[PDB]
Amino acid sequence: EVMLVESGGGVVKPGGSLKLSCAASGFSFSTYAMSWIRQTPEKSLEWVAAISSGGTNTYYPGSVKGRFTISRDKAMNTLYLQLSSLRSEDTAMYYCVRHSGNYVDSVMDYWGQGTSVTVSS
Amino acid sequence: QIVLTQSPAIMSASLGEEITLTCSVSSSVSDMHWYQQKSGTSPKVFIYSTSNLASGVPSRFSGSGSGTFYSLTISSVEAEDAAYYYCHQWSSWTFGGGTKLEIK
Amino acid sequence: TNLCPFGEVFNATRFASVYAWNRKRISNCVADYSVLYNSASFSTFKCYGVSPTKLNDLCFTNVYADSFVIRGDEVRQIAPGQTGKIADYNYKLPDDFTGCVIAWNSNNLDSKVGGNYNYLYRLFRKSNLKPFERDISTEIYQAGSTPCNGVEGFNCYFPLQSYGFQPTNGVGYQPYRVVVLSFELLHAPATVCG
Amino acid sequence: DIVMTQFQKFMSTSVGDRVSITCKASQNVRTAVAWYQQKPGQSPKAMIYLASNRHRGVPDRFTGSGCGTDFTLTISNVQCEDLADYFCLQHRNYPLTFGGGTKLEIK
Amino acid sequence: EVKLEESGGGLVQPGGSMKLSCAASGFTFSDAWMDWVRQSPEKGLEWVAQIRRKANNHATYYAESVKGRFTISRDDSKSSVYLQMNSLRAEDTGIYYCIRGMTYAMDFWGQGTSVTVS
């Protein structure tokens, strides 16, 4: 069985820094490209970060490029997406997502549960 | 910039009737995957590469399409298949709109 | 031991469009394909009839490397037998191929903030391309019965459309530089060994 | 002028079948034929341009092929979405003439 | 979003004049070849006129049934095309559609405008 659990989500005022974690267990880790997918509260999914299998090529969309950073640790078998310069439209629920191949072109097999990041106050 | 439009926003079928979910693309893409999100769980995967089924999905769901129009077809809709359906492709940076399905 | 030049066909500053790809005859080398296979920077390394680990233990007569730039979603059409807008009208591979198709993302170089309109592709043709044939003919195809004398308003459509390359497009619509190594063995002394 | 003869004004096929609508011409219009679908109460949306190509957002079922004088538009897996009229026109010479029209109704 | 909307919905006595206007926006109006097509209940679909793009000297091609009674004029600054009809007849009844570009890609059609004679 494959399990993808997230953490780190909470409440932060605009301009803060927040680091999400995703502990992966149940498969051979560094031979599958992984990605993060957020869900805005109108229930409209979108990519927010995607990393290939070797941890070399990371792709961010145009709205969050330069402030979001993905990371990949083969040693302790987690996955990080740390945030910076949060606007008022970054309220979402961030899913941990594993692809089926060693690149980001394949299909997203198993999704995590996701822990929300709500920016206010 | 690829936009992925699904028509309409909300569908509704009766118990046992067939229904076809549409996902029209702006310009040409290769294939299209289809996801299903229930109420309060994460989305899962049903169809990849427009014609294959995932492991454990009931065998009433079928797919078709190439180019700029893709279809998800359910043979006999029963009460469990009442959830959102997002179509995503590798070249979009956003998912589809998501067509809800509710039992009549 | 003089190694073979791969450092001007791979990490070049500007490739060519897919409708006029660059064909480079490589001969009298000692090539090192194992340095290419263990670079971990390419995203697609598919060999189509040879083994990638046994590339060094092969003596060919000519190796031909074809460089072009396509979208990320269209690297699937550089396969033996596949069809589409690229395999039919731009670059056709035969279904007895013996070579390795290499590709990697190139969004940092082949994309500008206003749009890079230097990469073109062929939209239609009279017939399908027989394999390994380029066709650089910018003619307006003359649909209709009146000679239109070099316009584009009605029929007399232009055959080449430009790629729309922005840095915010999607991982399948970013420019993927593709190089296709093709091994040919004539009746001649083998010199490309490695 | 070039006239398009479209002699089938009524085609009666059930759901999930294959229909082939023909568009005869009187002189050799080379490849310049377009196909139009007009749902009742709307304006015609374009299906085929230059007698073989397919538009954006039209399904894979709608395919048309042929050259010379006798063209065809063949649909497969006819759903309930395809209850409409199908027109063809030529655009080789400037008196552009449309066809008659082929109405489909479900059995 | 590409859209085309027409005007001039009315009835005229045979011998009047009616000037239809088609305002378009959402695309580059300089390079677009826009026709006007006619739908009548008795004679089916017909084709009325055609104005071309800027690089083709703003050419006008009418059908031979409406020569001298139909002129078409465009203006890319206001992004609209006009179809001025004078000395109308009994068989000019029908709906007049304004399209973006016929027989290629971007083949959008308008919605039409009912023109009747008494």
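Chains: A, B, C, D and E, in written order; residue numbering restarts at 1 for each.
Note that contacts are C-beta pairs under 8 Å (C-beta built on N, C-alpha and C of every residue); 3 or more make two chains touch, one makes a residue touch a chain.
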Touching both chain A and chain E we find C
So which has more C-beta pairs touching, D-E or C-D? D-E
Closest chain to the protein's overall Cα mean, using per-chain Cα means, please. B
If every chain is reduced to the average of its C-alpha atoms, which one ends up farthest from chain A? E
Could you put a whole-Å number on the gap between the CA centroids of chain B and chain D? 29
Please report how many Å separate the Cα centroid of chain B from that of chain E, as a whole number. 40
Report the inter-chain centroid distance for chain A and chain B in whole angstrom, where each centroid is the mean of the CA atoms. 23
So how far apart, in whole Å, are chain B and chain C when each is placed at the average of its C-alpha atoms? 34
Multi-partner residues of chain A (each touching 2 or more other chains): 61-62, 104-105
Could you say which residues in chain E touch two or more other chains, in rising order? 103-104
Multi-chain contacts in chain B, i.e. residues touching at least two other chains, fall at 90, 92-93
Each pair of chains that touch: what are they? A-B, A-C, B-C, B-D, C-D, C-E, D-E
Quick one: in the complex, what on chain D touches chain C? 30-32, 50, 53, 91-93
Within the complex, which stretch of chain B touches chain C? 1-2, 28-30, 89-93
Quick check on the complex: what are the chain E residues that touch chain D? 37, 44-47, 50, 61, 63-64, 97, 102-105, 107, 109-112
Mind pulling up the chain C residues that touch chain B in the complex? 71-74, 76, 85, 166, 168-173
List the residues on chain A that touch chain B in their complex, please. 43-47, 61-62, 95, 100, 104-105, 107-109, 111-114
